[PDB]
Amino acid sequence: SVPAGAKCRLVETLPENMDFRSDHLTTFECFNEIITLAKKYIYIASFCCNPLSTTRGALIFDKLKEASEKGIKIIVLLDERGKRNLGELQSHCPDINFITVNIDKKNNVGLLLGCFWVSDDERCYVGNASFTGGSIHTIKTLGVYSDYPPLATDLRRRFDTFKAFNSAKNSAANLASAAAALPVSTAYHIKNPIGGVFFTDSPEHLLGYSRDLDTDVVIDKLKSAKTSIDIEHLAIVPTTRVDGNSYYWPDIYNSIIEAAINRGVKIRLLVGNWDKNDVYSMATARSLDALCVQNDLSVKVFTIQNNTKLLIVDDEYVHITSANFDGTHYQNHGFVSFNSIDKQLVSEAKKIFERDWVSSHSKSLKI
C-alpha cells in the first residue's frame, strides 16, 4: 500500500542571522543524508554550482568529493551560464562529472533551474536550494525530501531529460534527431499522483506527450481556489525584462486578482522588494496596494536573500518550486515543481507560511 504523502517531509535553510525557526530537516542535513546513504549514484541539477562560498556548502562538497572517490557516480547538471566556477569545481573534484546544459539553443532564453538531488532511485530533494554555499547556509530556501523510491525514480526521469541537453557533441541540444530519440516519460502526474504527490514540468517544448505543464497546473489551481491563496515568491510583476526588452505576461497575475475580486478569495502575497526606479514594479506595487483597500488582499515584502517559491491553495494543495511566478520562467525555463494534495503535508507548509507572514523580515506593503 502506498504511504500517504509518499514519505515527503519539508526541508529548510533557516540562516542564523534571520529569525525563522522550525523542526524541519535542514538543507544541510538533507544533503548530508543523501550523500551518506548513496550506493550507486547522486544526480544534482541546479542553475549555478558554487558550493565553496560558505562553510556548510564546502562541507557538503567534501562529502560529495569523498563519495565520488568510493565509486559513486556523481553527475552535476548546471546551466551553461553558471559555468564560471567550473574550473574551480573540477580541480576540487576531478571524479565528479560536471555537465553544462543549454535547453534553449533555438533562442538562448530558457535556463536550467531544475533544482533537485536524486540518488539510487530511492532518495531525492526538490525545492529552491541550488547547489551553492548560499542556498545551503545563508539564504532562506524551502524544499521537500523523500525516500520513497517510486517518487525518487520519477524525479530521476527529469534528470534524464535535462542531461540530454549537454552543450557538447550534437545529440539532443545540438541535433533535433536524437532530441526526439529521448522518451520524455513520467510515471505520475495530476491525473495519477503517488500518495497524493506529483511533479509538474517546464518548458512546453521539453514536455513530451505525457508530462504536465506547470503553467497549466498552477493557473488551474489558482482559478479553482474557493477560500485562500497564500504565495511566497520573489515577484508577481506581470512584466519581466529579457535581452533589454520588456515582456508582458499577466496570466498568473490575473488569476490572483480574479480570485480576489470575482470570487472573494483571501490572498496573502509575500514577495521581494523592488527597485523604486523600475517603473513596472512601482506600478505593479501601486496596483496591488489599491486592491488591498477594497478586497481581502494583503501584501508584505522581504529584503532578505530568500529563494522560497511556495503556493498554497485552500489548505488542500501545496506547490513548491524553483521557478518564480512570471512569464520569463513559465514560458522558457527548465525546472520541476513539487505538487502535493496530502492534507498533512499541506498543513506543515501552511504552518511555514503563517510563520513567514508574521516574521520581522516581512513588512506590510507601503506605497
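For every residue, the number given is its place in the sequence shown, counted from 1.
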{"query": "Greater mean Cα temperature factor according to the PDB record, 285-293 or 132-140", "finding": "285-293"}
{"query": "Per the entry, higher mean C-alpha B factor between 114-122 and 237-245", "finding": "237-245"}
{"query": "Top residue by Cα temperature factor, when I72, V76, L155, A178 are compared in the entry", "finding": "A178"}
{"query": "Third of the chain's Cα B-factor distribution that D314 belongs to, per the entry", "finding": "middle"}
{"query": "Relative C-alpha B-factor of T13, binned into the chain's lowest, middle or highest third", "finding": "lowest"}
{"query": "Ranked against its chain, the third holding the CA B-factor of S340", "finding": "middle"}
{"query": "Ranked C-alpha temperature factor of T100 among modelled chain residues, by third", "finding": "lowest"}
{"query": "Within-chain third of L207 by Cα B-factor, per the entry", "finding": "highest"}
